[PDB]
Each structure stands twice: as C-alpha cells, then as structure tokens.
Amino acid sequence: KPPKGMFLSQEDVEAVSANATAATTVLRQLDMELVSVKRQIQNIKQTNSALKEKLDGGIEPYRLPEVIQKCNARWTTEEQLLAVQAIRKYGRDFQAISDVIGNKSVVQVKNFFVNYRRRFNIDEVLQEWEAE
C-alpha cells in the first residue's frame, strides 16, 4: 500500500542502501545514460534530415496518368501475344498480367491460362520463367 505519487520497490531501496555512495552513483549512471540517449537522438534526426532532403520533390515528376480502359470479353491477337509475354515476364501474378493487357479482368486471365494452355504451350512458358 505505497502512497500515490511515490515509487518504492524492495530492489531500489536495497540498491540505494547497499553502499554509502550508492545513491549518488546510481543517479549519475542515469544522468550519463540520459546524455547518451539525447546525443543518439541528435545524430539519427540529423541522418533523417539528410534523407528527407534526398526525397525533395517526391515522385510527382515520374508519375504517369491512369488508363480508364473498359474491360472487354473478345480476345484480339494483340492481347493474346501481350498475355504470352506477360506470362513469360511475370509468373502466375494474374493481377500484373491483367494490368499489362489493360482490358482483361483477373477472371479472364485465369480462364485464358487453361483455354489456350495447349496452343500457347503455357506449361513451357512458365518453366522458362521459373529458370530465371
């Protein structure tokens, strides 16, 4: 039942009691420890000031507009060939492959992967992607 706004553990009492100068010793240990953490702050926030500098401008110069292309069900030869090459560069990342083609949902990409599988040797194409 210690008083509110007083801190008194058995350990801390014994540690200030143990010696005739333990009190003054324990207090400087923390004073030095406090200085060491305050200099580590100055360092890492001067480091972080420098990185915030090298990021000046963001990525707005390198940002490309968004394509509003309406997903279509009819597969053109262009789209079939984009796909085979997308399967070659990416793996089974159906999302990326849809993004590349620009008018095929993730479902149709998943469909395509078995419909044309025989004719576009998709098994062979995946083996080539796994090797690299």
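Heads up: residue numbers just count along the shown sequence, starting at 1.
Peer 1: If you average the CA temperature factors as listed in the entry, which stretch comes out higher, 67-75 or 47-55?
Peer 2: Result of the comparison: 67-75.
Peer 1: Mean C-alpha B factor from the entry: is it higher for 102-110 or for 79-87?
Peer 2: That would be 102-110.
Peer 1: Per the entry's values, where does residue 17 land by CA temperature factor relative to the rest of its chain, in the lowest, middle or highest third?
Peer 2: For residue 17, whose C-alpha B-factor we compare with every modelled residue in the chain, the answer is the highest third.
Peer 1: Which third, lowest, middle or highest, does the CA B-factor of residue 125 fall in along this chain?
Peer 2: It falls in the middle third of the chain.
Peer 1: Within this chain, which third does the Cα B-factor at residue 60 fall in: lowest, middle or highest?
Peer 2: CA B-factor rank for residue 60: highest third.
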